[PDB]
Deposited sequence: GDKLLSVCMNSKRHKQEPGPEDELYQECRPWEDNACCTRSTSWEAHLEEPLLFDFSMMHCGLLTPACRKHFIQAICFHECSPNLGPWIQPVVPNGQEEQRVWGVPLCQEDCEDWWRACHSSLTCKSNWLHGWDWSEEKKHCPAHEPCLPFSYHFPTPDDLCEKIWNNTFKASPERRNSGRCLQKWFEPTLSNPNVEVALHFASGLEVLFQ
């Protein structure tokens, strides 16, 4: 069984979407996001989410695409069940995800595409960069892809030591023509991976 986290944006239960904006397309088969949310995920300064683009200067389109894919994954993936946690324990009205293990390629590609960009914080989870915070290189706040994946959204993701096709990590994006590779990874974690064997 696949579920969606409780929030003011996510759908109650996973369901197919007829039209999702470009980067959120691979989840059209079974999504937790509405079409309105997927369009919001592509804005340069999105306001609907708890995240916020804390970048200064110019963000390259390749770097921005990885952020959008990460937002699509967080908003549309029906396979985040085993990492759902309450925003305020103990109550399940507001829910988040914690330590979703992203494969190394997803973190590395994200880190390399954003390597030349500038940011002002290492943790973007709550909307604009204040003038007193210096605009430092991406590689300073995130010296490794591990630091980027884990710190960018306050441990929303975990930097998995595994790589793609290992059955032990998730991809924040995949080709829409391909079958969703995260369905059986999430079920693997739901079946006791890394806590019981």
* Structure fact -> Note to self, deposited ranges with zero CA coordinates are 1-4, 131-138, 210
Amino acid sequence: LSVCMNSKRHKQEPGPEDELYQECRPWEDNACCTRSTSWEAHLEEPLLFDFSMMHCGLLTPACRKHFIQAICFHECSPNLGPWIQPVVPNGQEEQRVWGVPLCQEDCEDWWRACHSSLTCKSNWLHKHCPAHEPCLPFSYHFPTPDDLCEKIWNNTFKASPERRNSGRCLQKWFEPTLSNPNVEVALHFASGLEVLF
From here on, numbers count along this sequence of modelled residues.
* Compare the mean C-alpha B-factor of 65-73 with that of 46-54 as given in the PDB entry, and name the stretch with the higher value. => 46-54
* **Greater mean Cα temperature factor according to the PDB record, 188-196 or 2-10** => 188-196
* Residue of maximum C-alpha B factor among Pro145, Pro161, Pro137, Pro130, per deposited coordinates -> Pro130
* Asked: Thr156's Cα B-factor: lowest, middle or highest third of the chain?
  -> lowest
* Structure fact -> So, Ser117's CA B-factor, relative to its chain, sits in which third? The middle
* Should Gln95 be placed in the lowest, middle or highest third of its chain by the C-alpha B factor in the entry? -> lowest
* To do: Can you work out whether the C-alpha temperature factor of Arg168 puts it in the lowest, middle or highest third of the chain?
  => middle
